[PDB]
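All remarks here apply to the structure that follows.
No value in this document is a laboratory result; all are computed from the given coordinates. Heads up, the Cβs are rebuilt from the backbone with ideal geometry, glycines too, and the neighbour counts pull from every protein chain shown.
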Amino acid sequence: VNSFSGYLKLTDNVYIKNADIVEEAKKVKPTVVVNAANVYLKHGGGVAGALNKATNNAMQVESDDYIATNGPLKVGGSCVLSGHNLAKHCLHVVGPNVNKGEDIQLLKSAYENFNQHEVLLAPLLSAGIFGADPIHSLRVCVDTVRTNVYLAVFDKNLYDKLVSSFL
């Protein structure tokens, strides 16, 4: 039993809710919140910009030190950093950005990072400003993630379409 509330159950291990991931994280304080990161951990907009803003830019400060030490992530890769006031940890995961011409096949590799964590609060990878089809992202999530994932979808219209079209 966990404290995630109001989710629709899609499969044995995948749950979904129309919610602002920032507000969900502040309420639940999950062990892991997933950020929709880019390889430079520049949290300018989308989910990343919102999460970083909620940390009063502490996420960005920590991320800049991470990059200065380690260099950029790989597309499809991840790193674990602090969750600041939102969660114990933040798993920064880089899905492919279609608006950069990045290979959508890398979306499966991106979701594989979730399997290193027993329970996660997450957005749909490569959705929103990353330009991929969110219906496809949900399909890859369900077919790749085996750990318990609670998906927050900000847009109510999109949430309803994801549920109604789910096979």
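Which parts of the stretch 111-149 would a label at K74 reach, counting a residue when its backbone N lies under 17 Å from a point 7 Å out along Cα-to-Cβ?
111-116
Sequence gap at least 6, Cα distance under 8 Å: using those rules, report the relative contact order of the chain to the nearest whole percent.
Relative contact order, the chain: 29 percent.
When only DSSP loop residues count, what trypsin sites (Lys or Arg not before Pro) in the stretch 56-114 have their Cβ near at most 13 other Cβ atoms within 10 Å? Display every interim value, and only then the final one.
Values: sites: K74, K88, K100, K108; in loops: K74, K88.
Passing both the DSSP loop test and the Cβ count: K74, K88.
Ignoring everything except DSSP H segments at least 4 long, calculate the 222 nm mean residue ellipticity for the chain; use -39,500 (n - 2.57) per segment, divide by total residues, nearest 500.
Numbers: 6 runs with 57 residues, N = 167.
Helices in the chain give a 222 nm mean residue ellipticity of -10000 deg cm²/dmol.
Determine how many Å³ per residue the convex hull of the Cα atoms of the chain encloses.
Values: hull volume 16.7 nm³, N = 167.
It comes to 100 Å³ per residue, whole-number rounded.
For a paramagnetic label modelled at 7 Å from the Cα of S82 toward its Cβ, which residues of the stretch 47-74 fall within the zone defined by backbone nitrogen distances under 20 Å?
48-71
Taking a cut-off of 16 Å, what percent of all Cα-Cα pairs in the stretch 25-88 are separated by more than that? Walk me through the numbers on the way to the answer.
On the way: 813 of 2016 pairs.
Taking all Cα-Cα pairs of the stretch 25-88, the fraction more than 16 Å apart is 40 percent.
So which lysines pass the test for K100, namely a Cα distance under 25 Å, with those fewer than 8 places away in the same chain ruled out?
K42, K53, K74, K108
Whole-Hz Karplus ³J(HN,Hα) for the stretch 89-96, in order, using 6.51 cos²θ - 1.76 cosθ + 1.60 and θ = phi - 60°, x for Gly and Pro?
Karplus values, whole Hz, x for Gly and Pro: 10, 10, 8, 7, 10, 9, x, x.
Mind listing the phi-derived Karplus ³J(HN,Hα) values for the stretch 37-54, rounded to whole Hz, using 6.51, -1.76 and 1.60 with θ = phi - 60°, and x for any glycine or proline?
With the stated coefficients, the stretch 37-54 comes to 8, 10, 5, 8, 6, 8, 8, x, x, x, 4, 4, x, 5, 4, 5, 4, 5 Hz.
Given Cα pairs under 8 Å that are at least 6 residues apart, what percent is the relative contact order of the stretch 83-137?
On the way: 50 pairs, mean separation 18.6, N = 55.
Relative contact order comes out at 34 percent.
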